[PDB]
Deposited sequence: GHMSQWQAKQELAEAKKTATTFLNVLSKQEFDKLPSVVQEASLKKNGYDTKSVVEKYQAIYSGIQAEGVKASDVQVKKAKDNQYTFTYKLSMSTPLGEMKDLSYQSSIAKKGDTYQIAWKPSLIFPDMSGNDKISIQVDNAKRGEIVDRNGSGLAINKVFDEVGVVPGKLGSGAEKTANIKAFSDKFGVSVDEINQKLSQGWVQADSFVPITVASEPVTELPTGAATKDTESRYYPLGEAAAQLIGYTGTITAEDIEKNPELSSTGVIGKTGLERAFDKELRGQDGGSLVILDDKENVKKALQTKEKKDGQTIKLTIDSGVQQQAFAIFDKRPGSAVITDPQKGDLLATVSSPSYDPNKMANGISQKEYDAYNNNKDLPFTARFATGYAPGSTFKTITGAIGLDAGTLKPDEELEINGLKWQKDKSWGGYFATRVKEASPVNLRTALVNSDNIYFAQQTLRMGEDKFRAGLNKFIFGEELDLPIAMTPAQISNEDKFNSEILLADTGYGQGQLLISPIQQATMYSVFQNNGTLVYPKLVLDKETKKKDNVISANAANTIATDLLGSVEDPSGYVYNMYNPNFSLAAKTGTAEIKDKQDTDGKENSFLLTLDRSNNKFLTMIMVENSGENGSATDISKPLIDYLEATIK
């Protein structure tokens, strides 16, 4: 009987480890149930009860990292009849990294399982989970220049220690009957990026030459369409301002400005620049994801969809992890940095996804979201720290999702991608994210 390997964080702190507990049994079942060898619960005894020192799989961060780490279980009859070397009372990973790394972690019952060290920072993981407070959402924090996944959070969550060691049918049905679905790994689920995506459309415009950062576009009204052929669809903005240049459009969230710049460049110039990103790519992460997509077809076949895609709507599906990877070009002078989860994995990059001038131009104008008093992220303003940010929402056809992207511009050591589902009921991502941004500005700097 070999010991299961440990999953540890970037500092060696435990994420999936082993711990000895003093657990059970070997009218009497009701007498045992009305007071607290087959273990039951962790510890003058009823008839049939006993205690023993059993080693159990333990997760220190608990629900804070449940979807990422996953849980283990007994080797089912269907599990052993699928591979080789399986004990009747063995332990196999059922989900998360406990499954994806199960081969390395279980060993052979005799060499012990190997220890896998991750990029996760436990302190960041716990902070990033604590801001949600049962709200449905996700948070992806990364080292933008190296790809390190410092945290991958999905909310709501579940207790991984009970699912692995002993959970009642009532607690499991409560987890399954949750409309928010705590078992899903929202950081790996594809969503529309929302207004935050305008950063990338802006960069693509700067490089294509059709978008001038100092050009003063005349925009009047709260809604705009190319002509009558658009029907009832309009590009809408929340505040009236004119004339609008690149910096003011990014601070005021002006879809009319970016719809016009997207129609100005055209589907070909827009797709030329989008294709340099990781659309369609399966990544090397041990997390299962559907590749990001631009639209359902190879061509928009619709000026409405072309403009809609310009500000993160339309048929865009990008997961939070893939969104973090795409947005890393602003902290690497246009170079994209793939995400890594294992700490000793080499950093993988994709050179010149956008130009260095376009990356820095966008990144500089995004300081206004935090530093200008009228900006939407002014609540997190800090005179001693350079932070660029960009809020955004995405309407799903009568619900909205809230997105917040922040970039460390003092040392380019962190990047955050936060999402709150059903933001009309659960609030924006900007309203809950300040403790996370403050925590990261002090730790990661």
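Residues of the deposited sequence missing from the coordinate set occupy positions 1-139, 163, 167-177, 188-207, 215-219, 286-306, 595-600.
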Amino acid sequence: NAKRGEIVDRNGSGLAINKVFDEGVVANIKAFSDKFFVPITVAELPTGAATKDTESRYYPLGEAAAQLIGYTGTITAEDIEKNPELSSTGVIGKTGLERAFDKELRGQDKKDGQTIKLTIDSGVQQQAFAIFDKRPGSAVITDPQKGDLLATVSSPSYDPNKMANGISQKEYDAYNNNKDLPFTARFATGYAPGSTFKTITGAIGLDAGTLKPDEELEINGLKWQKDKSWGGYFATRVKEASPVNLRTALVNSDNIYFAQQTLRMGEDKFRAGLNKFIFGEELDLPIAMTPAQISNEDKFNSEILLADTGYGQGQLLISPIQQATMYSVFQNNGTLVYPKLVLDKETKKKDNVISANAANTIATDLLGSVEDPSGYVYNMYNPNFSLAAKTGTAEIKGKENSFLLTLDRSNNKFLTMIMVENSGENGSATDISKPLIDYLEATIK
From here on, numbers count along this sequence of modelled residues.
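Per the records, residue 33 is among the residues left out by at least a third of the other compared entries, whereas the shown structure includes it. Of the other compared PDB entries of this protein that include residues on both sides, at least a third leave residue 46 without atoms. Between 368-376 and 87-95, the higher mean Cα B-factor belongs to 87-95. Stretches compared: 47-55, 66-74. Higher mean C-alpha B-factor in the entry: 47-55. Ranking 80, 336, 362, 292 by the C-alpha B-factor listed in the PDB entry places 80 at the top.
Among 171, 240, 281, 351, the highest C-alpha B-factor in the deposited entry belongs to 171. Annotation for residue 416: CA B-factor lies in the lowest third of the chain's modelled residues. Residue 107 sits in the highest third of its chain by CA B factor, as recorded in the PDB entry. In the PDB entry, residue 435 places in the middle third of its chain by CA B-factor. When the modelled residues of the chain are ordered by C-alpha B-factor, residue 144 sits in the lowest third. In the PDB entry, a CA B factor belonging to the lowest third of its chain's modelled residues is recorded for residue 126.
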